[PDB]
Each structure stands twice: as C-alpha cells, then as structure tokens.
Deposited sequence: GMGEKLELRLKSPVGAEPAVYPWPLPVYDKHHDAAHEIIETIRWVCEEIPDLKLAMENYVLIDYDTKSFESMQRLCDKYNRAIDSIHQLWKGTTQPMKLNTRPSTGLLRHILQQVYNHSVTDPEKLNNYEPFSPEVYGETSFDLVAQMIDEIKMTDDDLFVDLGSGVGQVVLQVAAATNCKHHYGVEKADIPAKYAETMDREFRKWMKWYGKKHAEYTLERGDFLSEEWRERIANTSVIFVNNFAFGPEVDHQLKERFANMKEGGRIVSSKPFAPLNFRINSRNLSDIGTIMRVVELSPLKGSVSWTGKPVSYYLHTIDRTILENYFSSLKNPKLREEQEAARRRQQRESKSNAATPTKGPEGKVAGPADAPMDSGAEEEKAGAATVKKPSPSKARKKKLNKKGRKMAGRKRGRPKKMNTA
C-alpha cells in the first residue's frame, strides 16, 4: 500500500496520496497537484524556495524523492521558526496565484464525477480576480453570487475580501450537493496552507423566491452570471434589484439596463431610472466560448438620476426642451 505524503507548512495533518497517483480529469492529476502544492508553498515561504521539470511523475522513486526533499525542508523551516526567525504570519489571505491553486485542488477532491455536473452547463477566476480589485469591498458589505453552482466564485471572493458575509444560492440538486463538499474541502485546504477567509455560506434555494426578495434587498454587492439567462428571469431580477439600497452594486455578464439610458415619460418605471450602468474594462486576452473578448457590467444603485428628472419637470425651460425632443 504505497503512498506519498506532503507535510503542511503550518502543522496541519499531512496531505496523503495513494500510489499510483490518481487522475482527476483530462487536464488534472494528483502528480501535478503535488508539484504545484510544493511550488506554491515555496512562494509562501522564501526560505523553503531557497532550499528547493527533471522529475518523472510516473516513477514512484522520483516522486518520493521530491516529496521527501520537500518534507525535509519543511521540518528544517519549522526548526528555524523555533529559533529567532519569525514564523510565517498566520491569518493572512492567500495571494491570487495560491488561491487559484487552492480552488483547483478543492475542485479535484470534491467533484468526483464531472460528467454528472456538466449536464447542468475557470477563465472566470481571472475575471472575478479583476472584479475583486476594482469593486472595493469593506466589512459593511454583504456579498451574494446569484446562482452559485458548486460555489467557486463565493469561495474566491470570501478568501479575498472583508465583506461581513458571502452567500451563494443555487437551485439545482447536483451542484448544491457538490457545493457542500466544496465547502468542507475549502476549509480543510485553507487550514492546510495556514490562510484565512471571511465568513461564507453556500445554500440550496431559489433566488427568485419570496425569501430572497428581502435578502436581495439587503445585499450590497451582487455577482450574477446572467448572459444566458432568459428575459423572464432577467425581468424578475430587475424587480428584486429595485428594492436595493443606494450605492448597492450588481456585476453581471449582461447588462440589466441600457448603457445610454435617457429617462422619459414612457420609461419612468424602468430599472434604468435608478442605476448607473457601465461596461467594465475587459481583461486583455480573455475570450468567451462565443469567440468575442469577454465583457462585464457594473450597475450602481443611484436614485439621484430619478430625482433630477422630477426636478427638471418643474422647470418650464427644461420641461419644454424635453417635450420638444420626445
């Protein structure tokens, strides 16, 4: 019963892999997960990087010597920390690079049968990462991913921000089931690397439900991957966003209002009367399954647009101009 073990850099239980090393899917396997874990612990601790592809992933002896050599170096770093050298700060957030590794790792150990999940169908990782940098978030914020799937986006944002809470809501059974495991695997692996995350919850639910009406209303940052949603769903979401508070934000893959919205007597009731909508800077090189470069849209709840329209109706000069155009 042959095995490979990697020690945690902060003394959690070791990662143990059987030999021969499992394959996770067409592009991922345990051997590369091991190599990349070592790579990433080395980025996490430069003394280790100091001490550390001429390796044969199909040879037990070659892979055992890699793991033994990492494990020795870890022991020696733990000794160094007992001395005068300061240990690695705990309670930090993972870098974007490490987080990407962690999420792949969590996925590798959580979604055993990809196929079961495919029948409900991560360049998104980079897009979300850009959004985390642009959309400033604080501990006043509540975050939701509407239609969260197996939960990856919620995990990523929770690892990276100070929002008071992060939620994902998913209706379908397969993805909700896998999210429970993703959650367990995520907490285990974040502990393994010694890294912190903000609070989060993954839930089974319908975000168009009556419970979610009030919850949407109290959320300050919503992400929603709506490009492929149909008009009735989008229409129903527009109605839930109408109760959001001023400064609330929605980031989506298809805008919920025209980018050039001109308020007038016929469109007074439209969601565009209460939000600024902008097309966000796209990430060079990122392209959708449609071939085009990706785009995403930021909506900010701003009721001063509506206020100014009403004020303008009181001004006979402005009222005439408006009336003459339309």
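In sequence order, the deposited residues that have no C-alpha coordinates form the ranges 1 to 4, 57 to 61, 131 to 138, 344 to 421.
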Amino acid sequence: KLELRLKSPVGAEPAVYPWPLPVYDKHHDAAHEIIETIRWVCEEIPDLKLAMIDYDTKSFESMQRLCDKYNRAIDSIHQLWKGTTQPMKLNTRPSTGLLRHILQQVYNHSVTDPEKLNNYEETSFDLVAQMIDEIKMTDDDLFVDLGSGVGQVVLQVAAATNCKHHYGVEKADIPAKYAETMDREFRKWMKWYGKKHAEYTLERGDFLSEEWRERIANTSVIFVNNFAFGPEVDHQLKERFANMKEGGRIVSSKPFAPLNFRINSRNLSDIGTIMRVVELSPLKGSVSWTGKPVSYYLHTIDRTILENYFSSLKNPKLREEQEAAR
From here on, numbers count along this sequence of modelled residues.
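Rigid core (definition): largest C-alpha set, two forms, superposition within 1.5 Å.
Of the two segments 239 to 247 and 130 to 138, the one whose CA positions lie farther from the displayed form in 8 other deposited structures of this protein, once all are superposed on the rigid core, is 130 to 138. Comparing the two stretches 16 to 24 and 298 to 306 by root mean square C-alpha distance in 8 other deposited structures of this protein, with all structures fitted on the core, the more displaced one is 16 to 24. Of the other entries compared for this protein that flank it with modelled residues, all give atoms for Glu214, so not even a third lack it. Note: missing coordinates for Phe223 occur in none of the other compared entries bracketing this position, so the one-third threshold is not reached. Here the stretch with the larger average CA B-factor, out of 162 to 170 and 149 to 157, is 162 to 170. Higher average CA B factor: 194 to 202, of the stretches 250 to 258 and 194 to 202. Residue-level inspection of the entry shows that, of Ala51, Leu280, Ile274, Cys67, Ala51 has the top Cα B-factor. Going by the entry's values, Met88 shows the largest Cα B-factor out of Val221, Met88, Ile102, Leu127. When the modelled residues of the chain are ordered by C-alpha B-factor, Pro94 sits in the middle third. In the PDB entry, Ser295 places in the middle third of its chain by CA B-factor. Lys58 sits in the highest third of its chain by CA B factor, as recorded in the PDB entry. Split the chain's modelled residues into thirds by C-alpha temperature factor. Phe143 is in the lowest one. For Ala325, the recorded CA B-factor ranks within the highest third of the chain. Only modelled residues enter the ranking.
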